[PDB]
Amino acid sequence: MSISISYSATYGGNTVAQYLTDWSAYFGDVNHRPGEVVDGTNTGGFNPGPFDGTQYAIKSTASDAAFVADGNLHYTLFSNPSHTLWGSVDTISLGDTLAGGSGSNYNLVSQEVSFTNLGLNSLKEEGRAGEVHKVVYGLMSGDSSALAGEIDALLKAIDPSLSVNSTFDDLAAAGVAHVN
C-alpha cells in the first residue's frame, strides 16, 4: 500500500513541501525540552495513554494548529534510551482545532491534509535518531523537514516524476491524492 493523501481543495495549487513548511510555521515550536516541559501546554497526549497508544496528538502553544499521528507509539520516558518516541506511524493528519483523545479518538475539527500508508517504523534501541521520533518531534518543534523527506521518498517509490514539490492537484491526477 503506497502513500495515500487527502487534502482540502484550498491547498490544490500548494506543493506538499509548501504546505508542510507553512503549517510548521503556523504551529511553531512547543519547546518540549529539559526544564521547559509544562503539562497541559507542551506535553500533548496519547490515546489511550498514558505513555503509549494508537495516537499521539498535540496543539500549538499559541495558534490553533494541531496534528495527530496514528499508528502504535511508545514513549520510553526514563527507560534507556530516555525520552524516545518509537513504534509505527501509519498516518499524520495536519490542520487546526484538536478534539477528542480521552475515551475517544483524537480528531482535527479542521483536517487540512492527511498522509496515510506512511510505513514509518523504528525500534526503541534506535533512540531519538529513529525515523518515528525524528518525524513526529520535528512537527512539534518547528521543523517539518524529516516528514517532507519521508514523503518525498514514498512519492518517488510510486513514480520518479512525483516529489514533495508536486502540487496536491498533481498528485490527485496521478491517483495518489484525493480532495477532502
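Position 1 is the first residue in the sequence shown; the rest follow in order.
The PDB entry records a higher mean C-alpha B factor for 146-154 than for its counterpart among 43-51 and 146-154. Looking at 118-126 and 55-63 together, the entry lists the larger mean B-factor for 118-126, computed on C-alpha atoms. In this PDB entry, residue 102 carries a Cα temperature factor that places it within the highest third of its chain's modelled residues.
In the PDB entry, residue 110 places in the highest third of its chain by CA B-factor.
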